[PDB]
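A short worksheet on the structure shown next.
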Amino acid sequence: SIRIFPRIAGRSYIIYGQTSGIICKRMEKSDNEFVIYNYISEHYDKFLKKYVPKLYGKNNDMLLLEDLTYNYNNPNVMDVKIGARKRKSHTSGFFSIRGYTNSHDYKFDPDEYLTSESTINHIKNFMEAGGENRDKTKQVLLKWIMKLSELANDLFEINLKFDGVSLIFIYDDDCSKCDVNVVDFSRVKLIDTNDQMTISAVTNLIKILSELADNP
Ligand SMILES: Nc1ncnc2c1ncn2[C@@H]1O[C@H](COP(=O)(O)OP(=O)(O)O)[C@@H](O)[C@H]1O
Ligand SMILES: O=P(O)(O)O[C@@H]1[C@H](O)[C@H](O)[C@@H](OP(=O)(O)O)[C@H](OP(=O)(O)O)[C@H]1O
Ligand SMILES: [Mg+2]
Ligand SMILES: [Mg+2]
């Protein structure tokens, strides 16, 4: 029977597949998320390959998605909202941390508006599972910067409003593996320009992670 997937943020009904390495996400309201996966697949295959979890297929209202945590022994996950919010402004100005592994233990609240200092403290909290090993965490930060830089650069040539999309940052406890990918295309729209709001979210994140990777 059904094992609920340990979501770290959001609200969607997400379960493990009956099969390894697959999560099933229930679309609500409409199939827009499906329409946008297919739209990206046709018009921007490279963006889809580099940055988005594989969509293996559809089953009524369920998207069969690549489990981004599957290849990790001890995954640590952070959801950061980089697309425009529906109704409220971002909790950290240009982006909103939505949740992370053990976030409740540090009294993280997705509704709390944060200063620069609290924003950095929460990312430091996310990184705490990495240990004191100062220069294996540095390697995790640098690989995140590498991919976020390419993403911000590719977003200039992509005519989509990434309303509501999140970065999912993932690192193993042993810091042997990490990655970051974009998810939640539920509210993404066609436009005839690039999304400067979303670009500014990635560049601000790159700035913050760079300051972390550097400081002694
Ligand atoms: N492909 C994925 N692999 C692993 N975890 C995922 C994946 N997609 C979503 N998640 C988890 O689900 C949460 C919410 O997913 P999201 O697509 O934002 O849906 P919603 O906001 O509608 O609940 C994320 O914070 C993350 O923990
Ligand atoms: O249900 P509605 O009325 O469309 O409201 C949105 C819905 O709850 C989304 O699932 C949520 O994204 P998350 O699940 O990723 O939080 C989004 O947050 P945002 O506005 O912070 O994108 C809400 O505005
Ligand atoms: Mg979401
Ligand atoms: Mg709702």
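Order of appearance sets the numbers: ligands from 1, and atoms from 1 within every ligand. We're numbering straight along the sequence, starting at 1.
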4.0 Å protein heavy-atom contact status of atom 10 (N) of ligand 1, strictly under | no
Centroid-centroid distance, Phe169 to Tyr100, less than 6.0 Å | no
Report yes if some heavy atom in the side chain of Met78 is under 4.5 Å from a heavy atom in the side chain of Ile123; otherwise report no.
-> yes
What is the ring orientation for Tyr39 with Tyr44, classed by angle as parallel under 30°, tilted 30 to 60°, or perpendicular over 60°?
-> tilted
Which residues satisfy the side-chain contact (heavy atoms from CB on, under 4.5 Å) test with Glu66, sequence neighbours excluded?
-> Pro53, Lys54, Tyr56, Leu68
Geometric N/O contact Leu68 with ligand 1, under 3.5 angstrom | yes
Donor-acceptor contact present, side-chain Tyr113 to main-chain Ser89, <3.5 Å = yes
Kindly confirm or rule out an N or O of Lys25 lying under 3.5 angstrom from an N or O of ligand 1.
-> yes
Do any heavy atoms of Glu28 fall under 4.0 Å from ligand 1?
-> no
Atom 8 (N) of ligand 1 [closest protein heavy-atom partner, distance rounded to 0.1 Å] | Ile23 CD1, 3.8 Å
Which other residues belong to the hydrophobic cluster containing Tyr70, where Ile, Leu, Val, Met, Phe, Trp and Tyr are joined when side-chain heavy atoms lie under 4.5 Å apart, directly or via other members?
-> none
Heavy atom of the protein closest to atom 27 (O) of ligand 1 (residue, atom name, distance) = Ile8 N, 3.2 Å
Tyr171 vs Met127 side-chain heavy atoms within contact, under 4.5 Å | yes
Looking only at distances, please establish whether an N/O atom of ligand 1 is found under 3.5 Å from an N/O atom of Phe5.
-> no
If only atom types and distance count, is the side chain of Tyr37 paired as donor or acceptor with the main-chain N or O of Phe185 below 3.5 Å?
-> no
Should the proximity of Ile14 to ligand 1, defined as any heavy atom under 4.0 Å, be assigned to the side chain, the backbone, both, or neither?
-> side chain
Side chain, backbone, both or neither: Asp184 near ligand 1, heavy atoms under 4.0 Å | both
For the residue pair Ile168 and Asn181, establish whether any side-chain heavy-atom pair is separated by less than 4.5 Å.
-> no
Any idea which residues sit under 4.0 Å from ligand 2, heavy-atom distances?
-> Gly10, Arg11, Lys29, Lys81, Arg85, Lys86, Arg87, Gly164, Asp184, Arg187
Is the closest N or O pair between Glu66 and ligand 1 shorter than 3.5 Å?
-> yes
If you measure every N/O of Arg11 against every N/O of ligand 1, is any gap under 3.5 Å?
-> yes
Before giving the answer on salt bridge (charged side-chain N to carboxylate O under 4.0 Å, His left out), spell out for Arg7 and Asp79 the whole-Å C-alpha distance, their side-chain angles and the decisive distance to 0.1 Å.
-> CA-CA 10 Å; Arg7 276 177 25 242; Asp79 184 323; over 6 Å; no
Given that the side chain starts at C-beta and the backbone is N, CA, C, O, which of these parts of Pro53 lies under 4.0 Å from ligand 1, counting heavy atoms, or is it both or neither?
-> side chain
In the protein, what heavy atom is nearest to atom 20 (P) of ligand 1, and what distance, to one decimal place, separates them?
-> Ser12 OG, 3.5 Å
Name the closest protein heavy atom to atom 25 (O) of ligand 1, giving the residue it belongs to and the distance to 0.1 Å.
-> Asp79 OD2, 2.7 Å
Can you find a side-chain donor-acceptor pair between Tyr106 and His122 that sits under 3.5 Å?
-> no
Protein heavy atom at shortest distance from atom 14 (C) of ligand 1 = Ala9 O, 3.5 Å
Are there more than 12 heavy atoms of other residues, nucleotides or ligands under 6.0 Å from atom NZ of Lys189?
-> yes
Contacts satisfying salt bridge (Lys or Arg N to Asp or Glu O under 4.0 Å) that involve residues 166-188 (not counting sequence neighbours) are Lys25-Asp184, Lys147-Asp179
